[PDB]
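One letter stands for each residue in the lines below.
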Amino acid sequence: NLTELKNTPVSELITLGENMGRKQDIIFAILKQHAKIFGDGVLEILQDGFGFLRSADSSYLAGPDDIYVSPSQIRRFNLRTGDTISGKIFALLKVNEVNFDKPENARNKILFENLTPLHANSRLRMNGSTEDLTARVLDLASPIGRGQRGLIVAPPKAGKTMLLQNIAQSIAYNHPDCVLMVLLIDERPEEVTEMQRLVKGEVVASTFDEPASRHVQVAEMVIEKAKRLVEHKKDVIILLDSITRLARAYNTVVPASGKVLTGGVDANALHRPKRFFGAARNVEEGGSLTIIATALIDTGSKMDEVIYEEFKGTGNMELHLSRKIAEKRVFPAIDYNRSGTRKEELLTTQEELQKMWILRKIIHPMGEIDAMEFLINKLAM
Amino acid sequence: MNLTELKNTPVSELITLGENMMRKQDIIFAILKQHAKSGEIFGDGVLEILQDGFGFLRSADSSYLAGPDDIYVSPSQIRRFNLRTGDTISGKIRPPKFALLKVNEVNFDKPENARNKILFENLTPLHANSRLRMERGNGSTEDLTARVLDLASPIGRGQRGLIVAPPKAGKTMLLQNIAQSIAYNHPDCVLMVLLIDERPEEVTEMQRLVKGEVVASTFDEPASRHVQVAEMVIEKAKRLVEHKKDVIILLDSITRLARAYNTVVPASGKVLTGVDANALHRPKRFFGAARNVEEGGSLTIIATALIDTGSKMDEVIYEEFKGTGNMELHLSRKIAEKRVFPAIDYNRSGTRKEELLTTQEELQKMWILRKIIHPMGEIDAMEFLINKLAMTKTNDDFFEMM
RNA sequence: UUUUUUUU
Ligand code: BEF
Ligand SMILES: [Mg+2]
């Protein structure tokens with residue numbers, strides 16, 4: 001297999017080359033010998049109508065190990081960008097599986113654009129450890145359902161990272177069934193490696209050093225891959241940090257329209273990020289697409305307030321985190337009043353909803369710090 | 001006999017030496033051309049591969065720019081030793097019928113062992129894990145800046161920090177205090193000082209103040225020279241990191257370098273509010289090179305960021321580099337107007353994953369210290385911190401008091 | 001590109 005041999009180290013590999021008779025050249029020499037053989041990747045349809053099976057390790061960037069894909073092969077299995085393909089092969093000879101299933105079942109399916117959207121019906125419940133405090137307060141402040149289109153807004157240094165890592169940890173802890181993949185846009189090289197090591201799932205990232213077009217290309221590869229899995233009635237969950245920097249990437253790419261909104265945002269810049277984030281939806285036909293992206297506020301940048309206020313009219317769930325709490329050093333740093341979930345009565349039971357409604361009423365008059373302090377002590381006992 | 005050592009020597013010693021065997025640049029050349037006819041010549045410089053395939057060894061005194069003393073390097077040597085831009089080369093040369101015949105050393109190492117090495121892009125990035133204490137312990141007045149720096153924002157190997165402050169707040173003075181602490185405390189690290197589009201009195205001072213390599217480009221120089229100089233410095237840094245060397249670049253400033261790119265880069269398809277789109281990516285490649293290598297070595301970059309200048313272009317450069325650095329040291333103008341140095345904003349200063357740079361107790365006592373200072377104003381906080389540290393000679397003895 | 005928008 002091409003992918004497994006790329007993962008294989010040169011030390012173990014070179015021994016095989018001796019028994020058979022650069023790593024990218026030593027591998028191509030071992031691959032050609034056996035021909036006298038399989039590979040996989042994620043499809044990307046070019047402008048000629050052709051395709052390339054990008055590799056997740058290369059972050060779906062144009063690589064040499066990509067497998068050429070014929071247009072006729074797209075015509076037969078109705079393949080589109082984002083589909084996962086595994087078959088014998090560089091040129092793609094034959095396909096064995098499309099989206100982890102038989103290719104004959106992929107030909108007949110409802111397109112993602114035709115799936116009937118709905119409000120999150122099913123609930124994503126979030127050991128007694130100290131890390132469970134952030135997750136237990138989350139269920140109370142803003143419930144999350146399948147297809148939820150929510151944000152994690154907070155000032156810098158507050159702990160946007162710690163909250164996403166805690167959510168991802170609880171997703172694979174309570175919902176191993178749901179497909180979890182973490183997207184990082186304009187992320188720091190030290191923070192991406194840390195992410196890959198403590199999270200259970202796929203991690204697609206794009207360092208801050210990458211160009212804006214790269215941030216856009218990566219994000220659209222992941223979001224399209226999710227749409228394909230939802231067409232197969234699977235529950236997908238995407239964790240992005242952050243939607244704010246991704247919107248700035250689209251604001252850098254979008255052609256200048258001559259009109260500039262407040263904060264310095266182009267008038268046509270927020271359409272594409274609105275479709276990426278708006279792709280998250282609940283489907284009755286089967287499966288769902290959940291997106292939890294962090295939003296930056298109180299950063300001193302007027303541009304980030306316009307972005308947040310715009311995506312707020314696009315999403316339906318928000319979990320605010322206070323900086324004054326991060327200064328007090330207490331966690332979780334959550335602004336209970338500002339937090340909230342739309343159509344929350346569907347995800348929670350009647351008893352649960354009444355107990356949550358009566359709770360918010362008591363916390364509303366309280367201050368930000370005193371509210372979290374009372375909640376942390378009530379959950380500890 | 002040496003080309004660089006012959007142009008470095010004064011004219012008086014050069015002419016008298018030439019009489020035994022006109023402009024200085026032709027005196028040295030005439031001495032070399034006659035010394036070649038005697039049957040006996042060596043040169044050195046930093047490699048720069050041109051678009052044509054061949055490269056020329058740029059000299060440091062020329063700030064890595066084209067010079068009549070530059071040595072031609074055939075495409076052959078580039079293939080034999082897999083040479084890339086930034087490689088320092090030292091071998092015997094010859095006058096043109098200048099050209100290099102044989103290299104004796106590549107990147108201060110033997111050509112053979114240097115041919116095969118892991119690329120810089122393949123190196124894996126990590127959080128800084130080796131602390132770089134700045135306080136010299138001399139008890140000098142300058143140590144106050146380094147002591148407050150260690151308590152506010154710790155620095156490590158592969159650190160990527162920013163000295164953010166308004167004009168005339170003490171950022172250039174900060175790098176002077178850092179370079180002195182890098183040479184005094186960590187002489188093992190390779191120290192390079194890059195001064196982009198700044199005052200000409202500040203480059204001459206920087207050269208006499210700290211021992212190392214000061215590569216600069218005053219505001220007398222075009223914006224095209226600012227970029228090229230920075231390109232040569234960063235590539236040289238990457239080559240040294242490939243030899244597992246701990247490199248530390250002190251840039252001043254990142255804003256001025258980002259402005260030079262915007263002026264040089266061909267008009268982007270779109271112009272953001274005015275700075276170009278593709279123009280801001282190039283500085284991110286220079287500043288993003290800073291990282292901690294798991295395989296070995298590191299690349300530290302501490303550049304100064306300019307704010308509150310009344311320029312939208314400066315505020316855009318800062319917004320794009322704000323969340324980039326894992327280390328930030330803010331300076332206040334109000335503290336500087338009161339002439340209270342170091343004029344540091346202790347509350348906004350801090351570093352990411354600093355629990356890897358400080359001991360458990362240290363990190364705890366630093367957190368207690370930040371809690372006490374948090375309510376205070378920025379001027380009251382610094383005068384309070386300087387006072388507590390004045391009672392002590394070293395930060396450690398200051399810790400035990402708490 | 002300028003002005004308008006960004007922008008007060
Ligand atoms: F004027 Be300072 F050097 F920013
Ligand atoms: Mg200065």
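**Student:** I would appreciate a short explanation of the protein's contact with RNA strand C in the present structure.
**Tutor:** In the vicinity of RNA strand C, the residues found are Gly-258, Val-260, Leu-261, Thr-262, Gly-263 and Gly-264 of chain A together with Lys-312 of chain B. Atoms of RNA strand C within 4 Å of the protein belong to the sugar or the phosphate in 71% of instances, the rest to bases. Between RNA strand C and the protein, one listed contact pairs a sugar or linking oxygen with a backbone N or O atom of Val-260 of chain A at 2.6 Å. One of the backbone N or O atoms of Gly-263 of chain A is found 3.1 Å from a phosphate oxygen in RNA strand C.

**Student:** Please clarify how the interface of chain B and chain A should be interpreted in this entry.
**Tutor:** Interface size, as often reported, equals the accessible area lost upon joining of the parts. On the side of chain A, 25 residues touch chain B, which itself brings 29 residues to the contact. When chain B packs against chain A, close to 2300 Å² is buried across both sides, 47% of that on carbon and sulfur atoms. Sorting the residues of chain B by area buried against chain A places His-127, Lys-270 and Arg-352 of chain B first, and these three jointly supply 24% of that buried surface. Along the contact surface separating chain B from chain A lie six salt bridges. Here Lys-353 of chain B and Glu-194 of chain A are joined by a salt bridge, their closest N and O atoms 3.4 Å apart. Counting across the chain B and chain A interface gives 11 residue pairs in polar contact. For the side of chain B that touches chain A, the elements supplying multiple residues, two or more each, are strand 6 (125-126), helix 11 (281-288), helix 12 (312-322) and strand 16 (350-351) of chain B. Among the elements that make up the side of chain B that touches chain A, the one with the highest residue count is helix 11 of chain B (four residues). Classifying every residue of the side of chain B that touches chain A gives six nonpolar, 11 polar and 12 charged.

**Student:** Please explain the pattern of salt bridges as it appears in this structure.
**Tutor:** A side chain of one charge can pair with a side chain of the opposite charge when the charged atoms of the two come close. Following the criterion strictly, the structure yields 55 salt bridges over all chains and no others. Several salt bridges share partner residues, and in doing so they unite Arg-84, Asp-87, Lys-117, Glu-121, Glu-235, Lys-238, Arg-239 and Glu-242 of chain B into one network.

**Student:** Got a minute to help me understand a nonpolar patch on the surface in this structure?
**Tutor:** Residue and element names in this part refer to chain A. A surface patch of nonpolar side chains, about 410 Å² in accessible area, is lined by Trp-357, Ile-358, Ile-362 and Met-366. For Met-366, the location among the structural elements is in the loop between helix 15 (350-363) and helix 16 (368-380). Of the residues examined, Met-366 reaches a relative accessible area of 37% and is grouped as partly exposed.

**Student:** Teacher, can you tell me more about the sheet that holds strand 5 (residues 97-98) of chain A here?
**Tutor:** Strand pairing in a sheet relies on backbone hydrogen bonds. The paired strands run either parallel or antiparallel. Residue and element names in this part refer to chain A. If you walk across this open sheet you meet the five strands as 3-2-1-4-5, and the pairing is antiparallel. Looking at strand neighbours, the two that pair on one side only are strand 3 (67-69) and strand 5, the edges of this open sheet. One ladder, built from two bridges, connects strand 4 (residues 84-88) with strand 5; its direction is antiparallel. Considered in strand 5, the bridge of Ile-85 is made with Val-98. Strand contacts of helix 9 (residues 212-231): strand 1 (38-45), strand 2 (51-54) and strand 4, with the helix running at about 105° to strand 1, the strand carrying the most contacts.

**Student:** Looking at this structure, how should I read the domain arrangement of chain B?
**Tutor:** Residues and elements named next belong to chain B. Per the domain assignment, the segments of chain B are domain 1 (2-116) and domain 2 (117-400). Of note, the centres of domain 1 and domain 2, computed from C-alpha atoms alone, are 34 Å apart. With 18 residues of domain 1 in contact, the opposing surface of domain 2 contributes 17 residues. At the boundary of domain 1 and domain 2, one finds three salt bridges. Its salt-bridge partner being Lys-117, residue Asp-87 comes within 3.7 Å of it at the nearest N-O pair. For the side of domain 1 that touches domain 2, the secondary structure elements donating two or more residues are strand 1 (42-49) and helix 5 (111-115). Looking at the side of domain 1 that touches domain 2 element by element, the count peaks at three residues for strand 1. Of the residues that constitute the side of domain 1 that touches domain 2, the class distribution is five nonpolar, seven polar and six charged.

**Student:** Any chance you could explain the packing of aromatic side chains here in plain terms?
**Tutor:** To describe a pair of aromatic rings, you give the distance between the ring centres and the angle between the ring planes. Evaluated as defined, the whole model comprises 10 aromatic pairs over all chains. Taking the centre distance of 5.7 Å and the plane angle of 70° together, the rings of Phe-277 of chain A and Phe-311 of chain A count as edge-to-face. Placement of the pair is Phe-277 of chain A in helix 11 (residues 271-278) and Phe-311 of chain A in helix 12 (residues 302-312), with a sequence separation of 34 residues. The class for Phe-311 of chain A is buried, based on a relative accessible area of 1%. When the ring of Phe-29 of chain B is compared with that of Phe-98 of chain B, the centres are 6.1 Å apart and the planes differ by 85°; the resulting orientation is edge-to-face. By relative accessible area, which is 31% here, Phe-29 of chain B ends up partly exposed. Judged by relative accessible area, which is 17%, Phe-98 of chain B ranks as buried.

**Student:** Could you clarify how one ought to interpret the side chain of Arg-157 of chain B in this entry?
**Tutor:** Residues and elements named next belong to chain B. Relative to the helices and strands, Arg-157 is located in the loop between helix 6 (143-152) and strand 7 (160-165). Residue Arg-157 is classed as buried on the basis of its relative accessible area, which comes to 16%. For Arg-157, the side chain forms a polar contact with the side chain of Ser-130, separated by 2.8 Å. A polar atom in the side chain of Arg-157 sits 2.9 Å from the side chain of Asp-246. Those residues in contact with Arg-157 that lie beyond four places of it in its chain are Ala-128, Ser-130, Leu-132, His-186, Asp-188, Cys-189, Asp-246, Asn-292, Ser-298 and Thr-300.

**Student:** Got a minute to help me understand the pairing of strand 7 of chain B in this structure?
**Tutor:** The two faces of a sheet get side chains in turn, since along a regular strand they alternate between them. All names here are of chain B. Within strand 7, six of the six residues are buried, which leaves the element mostly enclosed by the surrounding structure. Of the two faces of strand 7, both are covered, the one formed by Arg-160, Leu-162 and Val-164 as well as the one formed by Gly-161, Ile-163 and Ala-165. In this sheet, strand 14 (residues 298-306) lies alongside strand 7 in parallel orientation, the contact comprising six bridges. By the bridge assignment for strand 14, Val-164 is matched with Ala-305. As paired elements, strand 7 and strand 15 (residues 327-330) share four bridges and run parallel to each other. Paired with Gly-161 across the two strands is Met-327, which belongs to strand 15.

Definitions and limits used
- Residues numbered from 1 in each chain as written, not as in the entry; some residues may be left out.
- Chains lettered and ligands numbered in written order.
- Part of a larger assembly, values for the part shown.
- Heavy atoms only, no water.
- Residues with missing side-chain atoms left out of burial classes, pairs and counts.
- Near = heavy atom within 4 Å.
- Polar contact = N/O pair within 3.5 Å; in protein donor to acceptor, adjacent residues only side chain to side chain.
- Contact = heavy atoms within 4.5 Å.
- Buried area = accessible area lost by both parts, 1.4 Å probe.
- Salt bridge = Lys/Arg side-chain N within 4 Å of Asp/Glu carboxyl O.
- Helix = DSSP H or I, 4+ residues; strand = E, 2+ residues; numbered from the N terminus.
- Nonpolar A, V, L, I, M, F, W, Y, C, P; charged D, E, K, R; others polar.
- Patch = residues over 30% accessible without salt bridge, like charges linked within 9 Å, V, L, I, M, F, W, Y side chains within 5 Å.
- Areas by Shrake-Rupley, 256 points an atom, 1.4 Å probe, with all protein chains shown as cover.
- Buried < 20%, exposed > 50% of the residue type's maximum accessible area, 1.4 Å probe, protein only.
- Pairing = 2+ DSSP bridges.
- Axes fitted to C-alpha atoms, helices over the stretch in contact; angles between N-to-C directions.
- Domains from an automatic or database assignment.
- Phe/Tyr/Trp six-rings, centres within 6.5 Å; stacked < 30°, edge-to-face > 60°.

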